[PDB]
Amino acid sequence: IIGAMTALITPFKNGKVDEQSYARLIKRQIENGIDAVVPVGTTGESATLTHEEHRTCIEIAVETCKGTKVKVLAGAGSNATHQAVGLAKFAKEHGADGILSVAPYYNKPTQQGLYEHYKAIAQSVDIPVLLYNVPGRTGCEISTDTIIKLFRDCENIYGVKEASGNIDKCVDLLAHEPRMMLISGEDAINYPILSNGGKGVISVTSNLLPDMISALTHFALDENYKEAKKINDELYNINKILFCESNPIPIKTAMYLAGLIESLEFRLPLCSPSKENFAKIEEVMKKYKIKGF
């Protein structure tokens, strides 16, 4: 799975997942050229969803994408490998087109550990598995050597979502293993990653501006770097402001400000932004045309 993809926010209403809004947000993604959706990633507050909720989000999404050509890359990562295998199987059993699997967080496995963790996951299913490196959140980094070995050693492993701010590593990955699918995990540098041969994005910004992110990715895949860079440059201010506080606090605030969700609700320890950052997000949004439903 490649192309423009959205790390879906998870809207809450009165402390529960707003399931109708969840399906409605995914339809809006489909209407605006998105190629795949990622239920229950970091942006979807996977850490604070119950097992049941995690499972249901994937189900809505698979169901809502059914019939369209939009794929579901299910959030299935865990820092407990038994758990990650579990999630992988669930996704497969419930029709996900594939899986996203974040590098274990908090426990800091070694490179050998990561290899084992992912081999376990990959062998438990037969759908594509997309590796996810975000060391600022996990405390560990999947080495370039480890990524490559996994790609070559495990049939299902087809690439990595990179959120490390390290374009050198992106060169390193595609120079030594050009067959893998490098996916941008940091919206601000979507174009530089695509222009080095990246084949997709898993975007926070596309929650609010899916048409802009989808166009950017498709310009780039069609080798119109001029127009892809144009959108990337235009999106920089919003791409930065969406991380003025830890994601998904700004994007949910933006979605609520645009009237796209009913309630600016998080699950603790996530919370509302500062009032000043709230106003900063509101101000930056005003320079972009935000698609409705």
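Residue numbers here begin at 1 and follow the sequence given.
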Within this chain, which third does the Cα B-factor at residue 72 fall in: lowest, middle or highest? middle
Within this chain's modelled residues, let me know which third the CA B factor of residue 108 belongs to: lowest, middle or highest. middle
Record-listed C-alpha B factor of residue 59: chain third: highest
Is residue 125 in the lowest, middle or highest third of its chain when residues are ranked by C-alpha B-factor? highest
Please say which third, lowest, middle or highest, residue 226 falls into when its CA temperature factor is compared across its chain. highest
